[PDB]
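In the deposited numbering, the protein residues as written are 676 to 725, 731 to 839, 851 to 991.
For every residue, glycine included, the Cβ atom is placed at its ideal position computed from N, Cα and C.
Take a look at the structure set out below.
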Ligand SMILES: Nc1ncnc2c1ncn2[C@@H]1O[C@H](COP(=O)(O)OP(=O)(O)NP(=O)(O)O)[C@@H](O)[C@H]1O
Ligand SMILES: [Mg+2]
């Protein structure tokens, strides 16, 4: 649908500050200045490094993604460069969030984030869409209780490879499927449960396919019980059809969230509950009016 993607003129918005850059482009905090208005509305703008018909075709798919746990493409400006406009997320990405909060995050948040990421990826799988670059850096925090997958469509649009997130078949043959996204999901879960450790830290990207072929995998995070680590390891089976399905991961992590201290061991966890209804309501009113499923609370 034409209606989902806004074509912006360069005069309608301005880049203000670089937020960073990765494999496909550079992101800026920007301002949208709607013509004839005096308001300045914060947005994120991603300008791609390095056709228009093909670009717009993929942009319309990206703009069609409508799920509480996946970011939608809102607008595009095609000039000499491709610029992608999306909602700005002040909390930033979940990788930085778990690093910065390494001592104040409880099991309920971690297990619910795993549910939310699996729900967003399952939505993509149901639409027959493959992400190709899932990682904790590509999950954005809308509120601490609500996360969203970002950068859907970018890898396809432009495809340093994120070797350390990639299924072995993607590394060796650039094969990407829902089940290779499941491998990346397992790495993403490992990043969360380690509070943002670097996977395979110190090992050169060029050594990784050899390590995987020998059967070596990312280590058990100290907070994870064996059932949680077995899920991660199942995501990294060489046989892609032996890996879990995202819909299975929604079920498993939701079950775990109903008994969180049975599945993760975190110092001080009893002091780290989900927000009260009062605090949740206040967050939603200021930052998060969109429809979403209830978070999974503990039975006890
Ligand atoms: N909508 C957004 N709101 C706020 N920060 C954002 C948004 N989108 C991206 N960022 C941040 O902008 C920076 C650049 O992102 P990006 O160019 O996608 O690199 P990356 O996520 O680190 N790696 P990759 O996506 O794998 O290429 C990172 O710090 C992102 O977290
Ligand atoms: Mg990114």
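- Beyond the five residues adjoining it in sequence on each side, residue 903 comes within less than 6 Å, by CB distance, of 859 in the same chain, given in chain order.
- At least one heavy atom of ligand 1 lies less than 8 Å from the C-beta of residue 853.
- Proximity of the beta carbon of residue 770 to ligand 1 is indicated: a heavy atom of the ligand is located closer than 8 Å.
- Residue pairing of residue 703 in beta bridges, as defined by DSSP: 693, 720.
- Within the same chain, and ignoring the five residues on either side of residue 755 in sequence, the residues whose Cβ sits closer than 6 Å to its Cβ are 681, 683, 765.
- At the C-beta level, residue 912 and residue 881 come within 9 Å of one another.
- Per DSSP, residue 814 lies in no beta strand (DSSP E) and is assigned neither H nor E.
- The beta carbons of residue 679 and residue 746 sit closer together than 9 Å.
- Bounds of the alpha helix (DSSP H) holding residue 794 are 787 to 806.
- Taking the Cβ of residue 697 as the reference point, at least one heavy atom of ligand 2 falls within a distance shorter than 8 Å.
- With 16 or more other Cβ atoms inside 10 Å of its own Cβ, residue 947 counts as buried.
- The Cβ atoms of residue 723 and residue 743 do not sit closer than 9 Å to each other.
- Not one heavy atom of ligand 2 sits closer than 8 Å to the Cβ of residue 779.
- A Cβ-Cβ distance of about 28 Å is found for the pair residue 702 and residue 711, leaving them out of contact under the 8 Å criterion.
- Rounded to whole angstroms, residue 960 and residue 906 show a C-alpha spacing of 33 Å.
- With respect to the 9 Å criterion, residue 805 and residue 759 are not classified as neighbours on the basis of their beta carbons.
- Where residue 715 is concerned, there is no enclosing alpha helix (DSSP H), because DSSP gives it neither an H nor an E.
- Inside the stretch 880 to 913, DSSP marks whole alpha helix (DSSP H) runs of 4 or more residues at positions 899 to 904, from first to last along the chain.
- Secondary structure at residue 682: strand, using DSSP grouped into helix, strand and coil.
- Looking at the backbone, the Cα of residue 833 and that of residue 739 are separated by about 8 Å.
- Looking from the CA of residue 887, the closest CA among 698, 774, 718, 925 belongs to 774.
- Judged by DSSP in its simplified three-state form, residue 973 adopts helix.
- Between residue 965 and residue 792, the C-beta spacing is below 9 Å.
- The nearest non-hydrogen atom of ligand 2 is less than 8 Å from the C-beta of residue 817.
- Measuring C-alpha to C-alpha distances from residue 732 to each of 709, 721, 757, 928 identifies 757 as the nearest.
- Our two residues, residue 719 and residue 688, have alpha carbons roughly 11 Å apart in a direct line.
- Of the residues 873, 891, 915, 979, the one whose Cα lies closest to the Cα of residue 928 is 873.
- Ranked by how close their Cα comes to the Cα of residue 950, the residues 977, 918, 910 have 918 in first place.
- In the DSSP assignment, residue 782 falls outside any beta strand (DSSP E), carrying neither H nor E.
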